[PDB]
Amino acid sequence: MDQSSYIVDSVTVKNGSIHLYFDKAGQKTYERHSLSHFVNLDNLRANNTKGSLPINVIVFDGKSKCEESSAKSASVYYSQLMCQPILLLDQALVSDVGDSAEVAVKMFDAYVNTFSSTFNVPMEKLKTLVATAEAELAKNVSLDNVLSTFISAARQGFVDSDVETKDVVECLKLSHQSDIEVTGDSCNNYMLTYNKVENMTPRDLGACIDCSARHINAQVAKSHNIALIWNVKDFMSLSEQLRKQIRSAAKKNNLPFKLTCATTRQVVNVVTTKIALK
């Protein structure tokens, strides 16, 4: 790491996402997050509990004395806990991101784009359903209900009957939150040997065993151009920390990471160690 925190100079909001702009050695840069995190601002204010952060951002009061300094200091801990610089966001910059309905509506649009591109749906066979969904979002109907209803009505013909609607909902939600690629393919639940059984929580080790996750070796993967593909329910059974580490180990070795809504499994076509105890 060069710096363990960076000051957010500006923000822009578009398509249910926010871009946080900062200077990195004289180079104007940004990181992207979903707007979801920026309605309840307090999950982002550094609390007393070590906890962890949903994303690598800390919000602070710009008028307050010692709230920036406390953030900068707290973020030399958080930067090590999550292996990312922490962006320090003056809460003044994120006062007008849209209404909680305006947010719901914009995220919903991203869910639709991902759903048609993923299952190859003509955007025109959706628009009656989309119009209905958006109208209910403005009546404060749960985003999570609107999406589930939309999928139940749009899936027929396009989504294999052996895929549960609730696994599609959850691919879509997670795909927009962390910008993860979504496929319908069979899962392999492979993860890189980089993440070690030894330091896993019992939840983590138990959960990997439960979905028959298997360790793969970096050069074996890079050689066979092997996508790591996780069933979304099995992926979300892991700890948030572990989920990030699996994905960052993949992106460093330039291996595509995909969530799937399928519970069918890839052929074991490669040297894989399956997870177990010692």
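Note that residue numbering follows the sequence shown and begins at 1.
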Comparing 92 to 100 with 186 to 194, which stretch shows the greater average C-alpha B-factor in the deposited entry?
92 to 100
On mean Cα temperature factor in this entry, is 172 to 180 or 198 to 206 the higher one?
198 to 206
Please work out which residue in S237, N56, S212, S223 has the highest C-alpha B-factor recorded for this crystal structure.
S223
Among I18, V268, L255, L259, where is the Cα B factor highest in this entry?
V268
Here the Cα B-factor of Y77, set against its chain, lands in the third termed middle
Temperature factor at the Cα of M123, chain-ranked in thirds, falls in the highest
Sorting the chain's CA B-factors, does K251 end up in the lowest, middle or highest third?
middle
Taking only the Cα B-factors deposited for this chain, tell me whether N145 sits in the lowest, middle or highest third.
lowest
B-factor third for the C-alpha atom of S34 within its chain
lowest
